[PDB]
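A short worksheet on the structure shown next.
In this analysis, Cβ positions are derived from the backbone assuming ideal geometry, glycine residues included, and neighbour counts consider all displayed protein chains. Each answer follows from the model by the rule given with it, or from the source it names; no laboratory read-out is quoted.
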Amino acid sequence: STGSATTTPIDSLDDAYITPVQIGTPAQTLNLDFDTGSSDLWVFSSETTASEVXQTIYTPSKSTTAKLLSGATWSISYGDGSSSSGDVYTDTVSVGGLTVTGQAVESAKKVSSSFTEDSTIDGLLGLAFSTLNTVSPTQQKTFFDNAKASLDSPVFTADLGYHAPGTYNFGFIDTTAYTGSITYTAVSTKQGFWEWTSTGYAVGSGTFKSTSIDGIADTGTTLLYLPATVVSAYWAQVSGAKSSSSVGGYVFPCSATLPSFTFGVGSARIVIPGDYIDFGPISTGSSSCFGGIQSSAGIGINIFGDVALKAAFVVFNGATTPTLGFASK
Ligand SMILES: CC(C)(C)S(=O)(=O)N[C@@H](Cc1ccccc1)C(=O)N[C@@H](Cc1c[nH]c[nH+]1)C(=O)N[C@@H](CC1CCCCC1)C(O)(O)C(F)(F)C(=O)NCCN1CCOCC1
């Protein structure tokens, strides 16, 4: 079997992307954030503290296929400090026609302020490795791990759009969605992420510098976080760019035409157009814009977020020995 679902940006800045997910019987449709940087499928529910709900909720009592997973609890915290926790149910989950039975659906009893404030995201669907799942005492498999036995091929692809809809495919590689061929690179699962090593980078029409950049492919992170030295090299080519302490990163005149940024995948090169790096005005009407490439120094890990992934067709190969594939589009 296979599945195909349309993913849409939640706002005009491409801050995040949501994809419709059907849970339970009859189906209850919720818009989830597909996150390759985490491994929990959790949703706002009838169990969530009322004052913390503003979102479409999952009501397990209305689903004939829902089963409480006795004694199981979960608690997670993300890089930006947000958090949530609750109990667990198993239920039927479908994505773009791909149905999985007995999937663990983590019901939130509480959610942090950032979640309450974002009306567009009803929950998360983790697509990193199962070792990162927060359910205790026994960890639960991701949607992808549960579907592998049924998929035509143990793969899923991400085709994120630039201020436009995109697609998440499960089980097949749509050969009409990309140009040229796909270049695969080794993945390290030591930390539970889709971790890989980029072969280098280039700024604009300048030289490609061969240098190993270990990072993770994360659909759930907005920007492109790279080593401080690499980030400085990029902004040095933008005359009005400066590091702002108050805003939290590099900013530059919105009127500027930004150079492209190239990152290496083995012998292949993926080019991120300059416009993708223009994240948006710091505030509506401002002449100052926020940069899409920022330093990973305070994070501890390099992150190939949406800014980078949306410039390519990405293949997440979940075979026993996983690999990551990149192609231009
Ligand atoms: C707007 C911005 C100021 C530039 S942003 O940085 O705030 N916000 C989010 C994206 C977003 C958009 C719209 C609404 C809400 C949230 C940003 O990209 N979040 C990153 C920040 C980050 C990453 N690294 C360092 N800082 C992140 O936490 N991403 C996680 C998914 C997010 C969480 C908030 C809700 C949306 C999904 C993530 O899962 O991808 C992760 F990888 F970064 C991470 O937190 N993974 C947690 C893995 N855990 C570790 C503990 O053991 C279990 C596994």
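Observations on the structure shown:
- Test: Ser212 is free of Cβ contacts under 8 Å to residues at least 24 places away in the same chain and part of a strand (DSSP E or B): yes
- Taking the listed residues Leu309, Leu324, the one that is under 30 Å from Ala149 (Cβ atoms), within 14 Å of the ligand (Cβ to nearest atom) and surrounded by 17 or more Cβ atoms within 10 Å (Cβ to Cβ) is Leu309, with no other qualifying.
- Among the residues of the range 164-192, the ones that are within 16 Å of the ligand (Cβ to nearest atom), in a strand (DSSP E or B) and over 17 Å from the mean Cα position of the chain (by Cα) come to 1 in all.
- Among the candidates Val231, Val238, residue that is within 25 Å of the chain's Cα centre (by Cα), more than 14 Å from the ligand (Cβ to nearest atom) and not hydroxyl-bearing (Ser, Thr, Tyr): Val231
- Checking every residue in the range 26-34 against the condition of being more than 13 Å from the ligand (Cβ to nearest atom), under 23 Å from the mean Cα position of the chain (by Cα), surrounded by fewer than 18 Cβ atoms within 10 Å (Cβ to Cβ) and outside any loop (DSSP other than H, G, I, E, B) gives at least one match.
- Residue in the range 274-284 that is of a type in the set (S, T, N, Q), more than 23 Å from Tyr78 (Cβ to Cβ), surrounded by fewer than 16 Cβ atoms within 10 Å (Cβ to Cβ) and free of Cβ contacts under 8 Å to residues at least 12 places away in the same chain present: yes
- Condition check for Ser70: of a type outside the set (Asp, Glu), part of a strand (DSSP E or B), on the phi < 0 side of the Ramachandran plot and within 12 Å of the ligand (Cβ to nearest atom): no
- Candidate set: the range 73-121, residues that are closer than 27 Å to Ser4 by Cα and not in a strand (DSSP E or B); chosen: the one farthest from the ligand (Cβ to nearest atom): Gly97
- Yes/no for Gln237 being touching a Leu at 6+ places or on another chain (Cβ under 8 Å) and not aliphatic (A, V, I, L, M): no
- Pair list, Cβ under 7 Å, 6 or more apart: the range 114-131 residue among the acidic types (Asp, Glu), other residue more than 7 Å from the ligand (Cβ to nearest atom): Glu117/Unk54; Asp122/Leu30; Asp122/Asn31; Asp122/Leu32; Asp122/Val43; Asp122/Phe44; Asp122/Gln55; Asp122/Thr56
Matching residues to (1) more than 16 Å from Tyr168 (Cα to Cα); (2) crowded, with 18+ Cβ neighbours inside 10 Å; (3) of a type in the set (D, E, K, R):
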position	(1), (2), (3)
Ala16	no, yes, no
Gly24	yes, yes, no
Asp40	yes, yes, yes
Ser61	yes, no, no
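- Checked against the criterion of being under 24 Å from the mean Cα position of the chain (by Cα) and surrounded by 13 or more Cβ atoms within 10 Å (Cβ to Cβ), the candidates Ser198, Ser212, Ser244 yield just one match: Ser198.
- Selection status of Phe143, touching a helix residue (DSSP H, G or I) at 6+ places or on another chain (Cβ under 9 Å) and either assigned by CATH to the domain that holds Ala308 or surrounded by 23 or more Cβ atoms within 10 Å (Cβ to Cβ) (or both): no
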